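In: missing the sequence, but the structure's below:
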Ligand SMILES: *[C@@H]1O[C@H](CO)[C@@H](O)[C@H](O)[C@H]1NC(C)=O
Ligand SMILES: *[C@@H]1O[C@H](CO)[C@@H](O)[C@H](O)[C@H]1NC(C)=O
Ligand SMILES: C[C@H](NC(=O)O)C(=O)O
Ligand SMILES: [Cl-]
Ligand SMILES: [Cl-]
Ligand SMILES: [Zn+2]
């Protein structure tokens, strides 16, 4: 047993590195250049990797895992026994791979055309409309249009997608795909752990929702906003209403304290996509963490090409499984929002580099949530007025009004996102376990959109509509619940790192810039890769073992107080029906 396990892992590790690096490349070529040639080659390279997976997956399954004395070897072999999609029969595997490609290609090339000659794209066009327009009918056109284009187009695929991904899941020992995805956390109590967390952040959200619904009532008119009902999903400044920081202007707590146009600020001082990432790279190295290799700047696609190429714009980071080749693919726009997303992605790159010497099978985050949080943690410090001013993007600084305005801006981003990030997989886990048929896809999506977010669709939905497909992570088949976890624990890391950095005072005023003791804690944890259960990583960083919403509640605490008084004096009626 033991002698033969050890050897299997070594062979599996050295062959996977090669095969996976080739797949990455093909996959990279397609994402950054959507053509027929690059699609075929990608599909081609799918069968190769599936073959590698089946050879070692089958091998692995012949080992009695619970009877191996080594923990590191035992964890690797068990993971290898999960063939995932590769568990499917040749035929079903090729159909499945084609469906994923077709879904992701459909979403990435969809346009919404006008009567003004002009067809708009998600980035940056339709995104800019949702963030800057304050015209109900204009926002409605983009909101409805995008779903008419992307949403509708993904429906014909999805039912088959669900059938195939559940089969693949059952073929790997799980009940269905949701069960598979949830196991990535190795936490039986996951569902209930998360619902407790969600509930904890309820008062804070209900108070933000109500304060923002009042603001929108002020701007769009009583005839469009019910102060006792849900909010029209198209008025929050973001295509999916997942973050509401783009309508900061309509909800400024203290407008008497002026706001610097950070975007104008960045454009004026000539900030470019490259500059942004360089700044992100600087923050990481300031913490003593690793800088991105020169190769990174060479090969990355830090901005939407202009050579006619058609690409998958959505932000993502890439590991090429060779310990040197790491890239990021982002259609970066010059603004504060993307400056944060750039850090988020640089957070992924850092992780890749931190655990690049572990066996490939363990080259993952403690759990999906960790991978997602790293960059957001630093971004939290980058976003502080003080740090923003040191980048000459803000003028200041000091006043309680400037303090509450900042907390609001952050709340519009972080708090607003909680119910959404919770919702997405609540819908999918149910779709996967069969409680939601293709007959009720959309209806159930909006039941949850209302129940958790307090949102209603500006235009009644009709048969054929499949609004879930209008969200990247759906056709792209990327689990979403990792972001929910991310938003909870990033604050737990922020609070831990800040304590380490010697920060005293309100948590929201913390900036870990250049904190060596802070980078030391992150690095030690990122180094573990997936070698250990995540509670140990949570422990190395925060000094305890659990997710908790106390850090996030404490950060916003001042804002929570402000919100209660504010809503209370306007006789606001929290929540909806
Ligand atoms: C994109 O792919 C096509 C065909 O695969 C190729 O001809 C072209 O050179 C690639 N574009 C760029 C910019 O490299
Ligand atoms: C088992 O072997 C692996 C790889 O050689 C090693 O990383 C690990 O430390 C060993 N585990 C134990 C418990 O000895
Ligand atoms: C928050 C997440 N970020 C990402 O994909 O980089 C999203 O876009 O919905
Ligand atoms: Cl929607
Ligand atoms: Cl996940
Ligand atoms: Zn991410």
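Out: Noted; the coordinates are in hand. Numbers count the residues shown, from 1 in each chain. Ligands and ions are numbered 1, 2, ... in the order given.

In: Nearest residue to the most centrally placed residue in the chain in space, please, no chain neighbours.
Out: For the chain, residue 483 is the residue whose C-alpha lies nearest the centre (Cα atoms, centre = their mean; 4.8 Å). With sequence-adjacent residues excluded and distances taken as Cβ to Cβ, 6 or more residues apart in numbering, residue 483 is closest to residue 421, at 4.5 Å. Heads up, the C-betas are built off the backbone N, CA and C, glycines and all.

In: so which helix or strand takes in the one you found?
Out: According to DSSP states H and E, residue 421 maps onto helix 400-432.

In: The residue nearest to the centre of the chain contacts residue 422, correct?
Out: No. Counting by Cβ atoms under 8 Å, residue 483 does not reach residue 422; the two are 9.4 Å apart.

In: For stretch 443-460, which outside residues touch it?
Out: 140, 143-144, 198, 206, 209, 213, 229-235, 241, 419-420, 422-423, 426-427, 430, 436, 461, 467-468, 575-576 (Cβ atoms under 8 Å, 6 or more residues apart in numbering).

In: hmm, which of those residues are the buried ones?
Out: 140, 143-144, 198, 206, 209, 213, 230-235, 241, 419-420, 422-423, 426-427, 436, 461, 467-468, 576 (16 or more other Cβ atoms under 10 Å).

In: Which residues are in contact with the closest residue to residue 402 other than its chain neighbours?
Out: In space, and not counting its chain neighbours, residue 402 is closest to residue 257: 5.0 Å by Cβ to Cβ, 6+ apart. Listed by Cβ under 8 Å, 6+ apart, the contact set of residue 257 reads 399, 401, 402, 405.

In: Where does residue 257 sit: helix, strand or coil?
Out: coil (DSSP: H, G, I helix; E, B strand; the rest coil).

In: can you give me phi and psi for the closest residue to ligand 2 within the stretch 351-500 of the chain?
Out: The minimum distance from the stretch 351-500 of the chain to ligand 2, using Cβ to the nearest ligand atom, falls at residue 359 (7.5 Å). With angles defined as degrees, to the nearest 10, residue 359 sits at phi -60, psi 140.

In: count of neighbours near it?
Out: Applying other Cβ atoms under 10 Å, we find 22 residues neighbouring residue 359.

In: ok, it touching residue 76?
Out: Yes. Counting by Cβ under 8 Å, residue 76 is a contact partner of residue 359 at 6.0 Å.

In: and the protein, which residues reach ligand 3?
Out: Contact residues (Cβ under 6 Å from any ligand atom) of the chain with ligand 3: 315, 341, 344, 483.

In: which residues sit in contact with residue 302?
Out: Applying Cβ under 8 Å, 6+ apart, we find residue 302 in contact with 273, 274, 277, 328, 330, 332.

In: repeat for residue 319
Out: 24, 326, 352, 363.

In: How about residue 11?
Out: Counting by Cβ under 8 Å, 6+ apart, residue 11 makes contact with residue 56.

In: Just the element for it, please.
Out: Residue 11 belongs to helix 2-31, assigned by DSSP H and E.

In: Give me the number of neighbouring residues for residue 451.
Out: Close neighbours of residue 451, defined as other Cβ under 10 Å, add up to 15.

In: hang on, it in a strand?
Out: No. Counting by three-state DSSP, residue 451 falls outside a strand, being helix.

In: ok so, going back, who wins on neighbours among the contacts of residue 257?
Out: residue 405 (22 neighbours).

In: looking at it, that residue is touching residue 249, isn't it?
Out: No. Counting by Cβ under 8 Å, residue 405 stays clear of residue 249, with 11.3 Å between them.

In: overlap in contacts of these two?
Out: residue 259.

In: could you point out which element follows the helix or strand hosting residue 318?
Out: Following DSSP H and E, one finds residue 318 within strand 316-319. Using DSSP H and E, the helix or strand that directly follows strand 316-319 along the chain is strand 326-329.

In: And the nearest residue to residue 469 once chain neighbours are set aside, its phi and psi?
Out: Spatial nearest neighbour of residue 469, excluding adjacent residues (Cβ to Cβ, 6+ apart): residue 154 at 2.9 Å. Dihedral pair for residue 154: phi -90, psi -20, per degrees, to the nearest 10.
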